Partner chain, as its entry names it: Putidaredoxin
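Shown here is one chain on its own, the form deposited without its partner chain, set out as structure tokens.
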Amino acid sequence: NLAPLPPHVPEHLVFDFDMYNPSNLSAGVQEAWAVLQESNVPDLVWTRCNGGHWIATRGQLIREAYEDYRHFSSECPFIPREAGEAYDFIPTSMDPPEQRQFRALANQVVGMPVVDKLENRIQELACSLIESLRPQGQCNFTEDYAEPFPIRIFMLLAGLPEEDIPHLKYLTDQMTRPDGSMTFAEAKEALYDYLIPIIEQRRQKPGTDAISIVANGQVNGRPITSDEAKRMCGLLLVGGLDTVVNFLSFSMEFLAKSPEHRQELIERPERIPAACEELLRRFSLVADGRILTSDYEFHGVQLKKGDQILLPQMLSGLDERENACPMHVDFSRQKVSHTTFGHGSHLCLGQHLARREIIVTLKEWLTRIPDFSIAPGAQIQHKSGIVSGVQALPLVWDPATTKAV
């Protein structure tokens, strides 16, 4: 279903890429998106799928657009338009200088100092989860570790019950990888229906949890409104439940297929931090965009006010002009360049937490289960969207080769 080409779009710039269902998906989601960087594809193209929008395919252009909020506004960051319009999360749906005040508050709840204080908890849960799996000799990584590990840590930080995870998770997934079961507006309403009562309570009887902190925070001298707190917690929910969760699976899927890379990390632990950056580059998974605030000629192409443009954070590090042999995983790259956590004023505030969770997982897993592989016959399937993911990841190993710690 392609949308009619708008008058200002030159047909030689047309390339019908569907971000929710790319063509070479079977080859891997990152590989599927990388077709946009083939020699036959211009740096800036227009796709008629999902309503019609531009797509910047090079790291240089993606960075430029993200730095220039004057022309590319965050007001409508999601494609399709209906999604971008129903999208009202703070601070992502705001442009500076407005964004700055809310960003400061959000940093208060997921910033570095918070990660430092939760460190022992993150480590305890990781060790506990892995030790429990170790003797089984098999598991579905996605549901057995990738989901429980990061999500339980977030629920702990947010002070929310573990019983609500299945419900909250489903709603979140509908926003990043639409099933077709419900519209973005409906999924958002549902999520807000959940948060509203909680924020109300946390406003009267404040706690030490992230929500209590946000609900009673101060913005620009004055206090945050109920509506504002609601829209910020909504974003925190999506970030805590659908980012690290998917990234861990891409990484584990790769480690299960490359004994050499596992060995490398086991023998030279001082390389884990670097390996983390390289994996964040190779398995980048986020792709959202901006909306043109006015007519603007960008790198020779005429963009029209109201035009939406997808700026795939995932593509920057896969661009060969940025990283030689982009598809190759090399832990000793002299320079790992990517924009996996974003670029510009909207740089991910939860990246410190994410990096901590990734590093702990790699270290603690490889310590107890150094040898593992993908279950014979299993076909790993990826899913594309605002945040890409893995359907399932069946793993198997010989318990006799594991190490209890």
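Positions refer to the first chain, counted from 1.
For the two regions 312-320 and 113-121, the entry's Cα B-factors average higher over 113-121. Stretches 76-84 and 272-280 differ in mean CA B factor, with 76-84 having the higher one. As recorded in the entry, 224 carries the highest CA temperature factor of 286, 327, 241, 224. Each of 177, 262, 205, 257 has a CA temperature factor in the record; the biggest one is found at 205.
Annotation for residue 25: C-alpha temperature factor in the highest third relative to the rest of the modelled chain, per the entry.
Compared with the other modelled residues of the chain, the Cα B-factor recorded for residue 70 ranks in the highest third. Residue 376: CA B factor lies in the highest third for its chain, per the PDB record. In this PDB entry, the Cα temperature factor of residue 307 sits in the middle third of its chain's modelled residues. For residue 217, the recorded CA temperature factor ranks within the highest third of the chain's modelled residues.
As for the form deposited with its partner chain bound, it is not shown, yet the points below apply to it.
Of the candidate stretches 336-344, 31-39, 368-376, 54-62, only 336-344 has residues with heavy atoms within 4.5 Å of its partner chain in the deposited complex.
Only one of the listed residues (103, 81, 71, 261) places a non-hydrogen atom within 4.5 angstroms of its partner chain in the deposited complex, and that residue is 103. Scanning 138, 226, 302, 107 against its partner chain in the deposited complex with a 4.5 Å heavy atom cut-off leaves one residue, 107. A residue is said to contact a partner when one of its heavy atoms sits within 4.5 Å of a partner heavy atom; residue 182 fails this definition for its partner chain in the deposited complex, lying far away. Contact between residue 113 and its partner chain in the deposited complex is found at the 4.5 Å heavy atom cutoff.
Residue contact check for residue 44: none of its heavy atoms lie within 4.5 Å of its partner chain in the deposited complex. Contact check for residue 352: a heavy atom falls within 4.5 Å of its partner chain in the deposited complex. Along 55-73, one residue reaches a heavy atom to within 4.5 Å of its partner chain in the deposited complex: 67.
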